[PDB]
Every structure is written in C-alpha cells, then in structure tokens.
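# Generate a structure from the sequence data that follows.
(chains A and B)
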Amino acid sequence: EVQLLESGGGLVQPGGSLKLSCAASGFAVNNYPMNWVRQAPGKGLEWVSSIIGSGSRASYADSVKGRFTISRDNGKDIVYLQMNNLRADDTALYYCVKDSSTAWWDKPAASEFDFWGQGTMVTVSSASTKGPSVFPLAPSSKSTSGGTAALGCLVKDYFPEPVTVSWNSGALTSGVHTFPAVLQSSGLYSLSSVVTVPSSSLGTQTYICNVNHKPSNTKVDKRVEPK
Amino acid sequence: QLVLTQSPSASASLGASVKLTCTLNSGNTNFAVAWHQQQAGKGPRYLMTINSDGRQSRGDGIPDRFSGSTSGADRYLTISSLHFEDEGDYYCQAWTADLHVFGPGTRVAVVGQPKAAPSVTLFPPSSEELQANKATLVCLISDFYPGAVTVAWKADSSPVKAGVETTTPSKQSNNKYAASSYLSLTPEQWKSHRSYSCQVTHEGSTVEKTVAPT
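Residues are numbered from 1 along each chain as shown, chains lettered A, B, ... in the order given. Find the structure here:
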C-alpha cells in the first residue's frame, strides 16, 4: 500500500513560482531519501532533485540548481519541491519517487528508485486557461433498432490539458472510449468521448456526459439527444 | 561525468526473446543500474537492479520473464517471451549519492503480428455548435494495428486541407491503437456542400465515412 500522492501542478507563467507536494504513506518515509523526476510530454525521464530522510542534505540537477528547492516534513511525511523562475523547458509531468535502500541517519545516500507516483502536471506557458465548450454528438439518423449506435460529447478549445469525461454520473462504463486530445494550431486542445449503445435503447435511456476541466473549474453535464 | 547510453529500438516476434543494453561510460564501469518500464500512456515502474558483480534485485509484482546480465560496463535487461504487456519505453538509471542519471530510453514493440483494420466514426456538426456560428466534423478512428494511419478530408468530391487537425495514434486499453481528426469549417461551408467525407488509409485499405447536412 505504498502511495506517493503528488499535487500542486497547474498553469504557471514564465518566471512564476510553484510549490509541489507529495503525500507519502505505506512505509517509514524518513528511512528513505525522496526524489523528483520530470518528463516532458514527448521526451524522456530527467532527474530533478533528491533529499535524504533527515531532510538536511539535498541534491539537484544542474538545469534546476539554485532555482528549485526540495524540502521535506517528517511530522507529516510530505515532500515538497519549490520551483522559482520557471520557464518553458520546465513544463512536464513531475514524478515523486522513492529510493529503495535506507541508510545512516543524516548522512548522504542514494539508490535505485523502487516506486513511482503517477505524477502531477505543471504547464509553464504565457497562455491562459480557457474552459472548453461542450456539444452533443448525436446518433446518426441511420440508427435502426436492434444494432449499435454511436453517440458522444465534443469538448472544444480548452487550455490546458486535461479534461475528464464520465457518462451518466459514472454509471455507464460499458463501451465508452475517450480519445486523446488533439492540439489545434491555435494552441488549444480538443477531444471527444464516444460510447456505442444498443440502438433501440435510444429513446428509452437518456445519455448524459459529465466533463470536468479542473484548471478552469468548469463542470458541464450535457445530454445527448437523438434528432 | 556520469553518462550512460542505450540501445536503439527493439523488435521481436510475440513470445520471442529480446535483449536491451545500457552502457556506462569510462571511469564508472563498476556502477549498478536499475531498469524502469513505462508502458504506453502510463507512469514508469521499477523493474530490477543489476550491478557489476552479478546481483539482481527485482521489484515485487514484475513477471519473472525479466532478467539482467552484466559484461564489464554493459548491463542487459532480457525479456524471454515477449508479450504485449512488455511493449513500451525502458529507461536505465544510475546514481552516485550526489546525482542521478537516466538513459535515452529504448522502445520495445512486437513485430510480425496479425493486421487489424480500423473502425471509423464520423460526426457532423451539432445543431448547438451550428447555432454558435461554428462547425466541426469529428472523425474517430479506433481498434487498428499497427498504429500507422493517414487521413484525408473531402468536400463533395474535391479534397480539403484547410481546417484539418489530426492527432498521432496512441495505444489504447486492448493493445490496439486509436486516433482522431477534426475538420473546422464555417456553417455556410457545411450547408453549401452535398456531403463531407473522412478518408482513412491503413495498411493499404482505404475506407471512408460520409455525412451530409440534414
């Protein structure tokens, strides 16, 4: 039940600052040094910073030295990463990872990473947020009862990534497929989520999609009507 | 100083062996490395740690078809029996108590596996978007293998390139691939043409979905 729960990611301006938090549980956390590893969207893993269990010693990569600051609170077992003077090259998914080996108290240490968090996404761009528009992708007029009809929801023009989509408040997971978003030439994202349903179920069951864009506090529930 | 290099992309038949290399530089030939597997669209997980003398430390939960070997300054991760679970990017990690270093990343993918055709869905603009003086056509391609597809758009019979935004394919839950294409246009353009079409080409097969203003 080892868990590293990271938070604090979001949209920040080139030159701004941001404080990441990692809630670590399931093991004696101060027995182990903690780390931060980042990954650009289409690139490889890069170590960022590390802090030993006592919290008195720390290590940074040359590309973030003096700019970032790793911290640690052992009364609450939360690892922090304070990022100042951010810039485009820092936009990434940041992982909080755990060293496998313990060591002597207050002395330097490092080993292989044995567990990774799911990451928190920081997006450093001068562009601002925008809540998406939502539209129903209705079943086609060619939907004969006794078959499959495809319906869905189009979430258009949102920044930044991502949007979470559920159907009928989560009660419909069968045959749902949410697509990875396209990045339009205007800089804004767009995706759509589609579920295929029995054709004769149209008119008997109402289908509602629930989209959530946390970066703009936009919850939208749109019902998809046959036409 | 510490820098390790990795092997080019790997390719093996389903269930055949594959062997990836992580090479330490001069002066650090005695170092230990760890391997981490990032399957498509997920976070990395720790695989195993191999070191110069021969020891292997594995992570609980990993299948036992992963093993590690050492030759001088050369650390290998071998996958006997290559599965679809095993596809993805593998990175190697080295450490010196003052820093960490990762590898360029090596990708593992099966080869020679059966060819799977795509299913295409075309959605015309919603009346809500039309009322909003906007029009987007949504082409959704899914359940195809391999992940290499080419998309074209057509107004009536003539091809169209202005307004096309097509994504790159990505793995989905069932180890097949999916992509989408969005055609932006004015509602006047939408209402003026007889039909609009999304044409999807994959492994020679060219299929097409067509919608029309109602």
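# so what are the domain limits for chain A?
Listed by curated CATH domains, the domain ranges of chain A are A:3-124, A:133-224.
# Over to chain B?
Following curated CATH domains, chain B resolves into domains at B:4-110, B:119-211.
# Show me the residue at the heart of chain B, geometrically.
The centroid of chain B falls nearest to residue B:170 when counting by CA atoms, centre = their mean (4.8 Å).
# what's the closest non-adjacent residue to that residue?
In this structure, residue B:170 finds its nearest non-sequential neighbour in residue A:180, 5.3 Å apart by CB to CB, 6 or more residues apart in numbering or on different chains. Just so you know, the C-beta spots here come from the backbone N, C-alpha and C atoms, and that holds for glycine as well.
# Ok, residue B:104 next?
In space, and not counting its chain neighbours, residue B:104 is closest to residue B:6: 4.7 Å by CB to CB, 6+ apart.
# quick one, what contacts that neighbour?
By CB atoms under 8 Å, 6 or more residues apart in numbering or on different chains, the contact set of residue B:6 is B:20-23, B:91-92, B:103-106.
# Top of these by number of neighbours, please.
The member of the contacts of residue B:6 that has the most neighbours, counting by other CB atoms under 10 Å in any protein chain shown, is residue B:92 with 28 neighbours.
# Just confirm that one is within a helix.
No - Residue B:92 is assigned strand when assessed by DSSP: H, G, I helix; E, B strand; the rest coil, not a helix.
# for the spatially closest residue to it that is not a sequence neighbour, helix, strand, or coil?
Counting by CB to CB, 6+ apart, residue B:22 is the residue found nearest to residue B:92 once chain neighbours are left out, at 3.7 Å. Secondary structure, three-state DSSP: residue B:22 is strand.
# For the residue of chain B most remote from its centre, give me phi and psi.
Distance from the C-alpha centroid of chain B, by CA atoms, centre = their mean, peaks at residue B:192 (38.7 Å). Note on residue B:192: its backbone torsions stand at phi -90, psi -20 [degrees, to the nearest 10].
# Spit out the contact partners of residue 124.
Assuming you mean chain A. Counted by CB under 8 Å, 6+ apart, residue A:124 has contacts A:11-14, A:16, A:86-88, A:90-91.
# wrong one, I was asking about chain B
B:137, B:190, B:196, B:211-214.
# If we use 7 Å, what do you get?
Applying CB atoms under 7 Å, 6 or more residues apart in numbering or on different chains to residue B:124 gives the contacts B:137, B:211.
# Give me every residue in chain A lying close to chain B.
A:44-47, A:50, A:59, A:61, A:95, A:108-116, A:118-119, A:135-138, A:141, A:150, A:154, A:156, A:177, A:179-180, A:182, A:184-185, A:190, A:192, A:194 (CB under 7 Å from any CB of the partner chain).
# What about the contacts of residue A:124, which are in strands?
A:11-12 (DSSP state E).
# how about stretch A:199-209: buried residues?
Buried residues in stretch A:199-209, counting neighbours by 16 or more other CB atoms under 10 Å in any protein chain shown, are found at A:199, A:202, A:207-209.
# ugh, typo on my part, it should be stretch B:181-190
For stretch B:181-190, burial by neighbour count (16+ other CB under 10 Å) applies to B:181-185, B:187, B:189-190.
# any chance of those residues in JSON lines, with secondary structure and distance to chain A too?
Formatted as JSON lines, these follow (DSSP: H, G, I helix; E, B strand; the rest coil; distance: CB to the nearest CB, whole Å):
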{"residue": "B:181", "secondary structure": "strand", "distance to chain A": "8"}
{"residue": "B:182", "secondary structure": "strand", "distance to chain A": "6"}
{"residue": "B:183", "secondary structure": "strand", "distance to chain A": "11"}
{"residue": "B:184", "secondary structure": "strand", "distance to chain A": "8"}
{"residue": "B:185", "secondary structure": "strand", "distance to chain A": "13"}
{"residue": "B:187", "secondary structure": "helix", "distance to chain A": "13"}
{"residue": "B:189", "secondary structure": "helix", "distance to chain A": "17"}
{"residue": "B:190", "secondary structure": "helix", "distance to chain A": "14"}
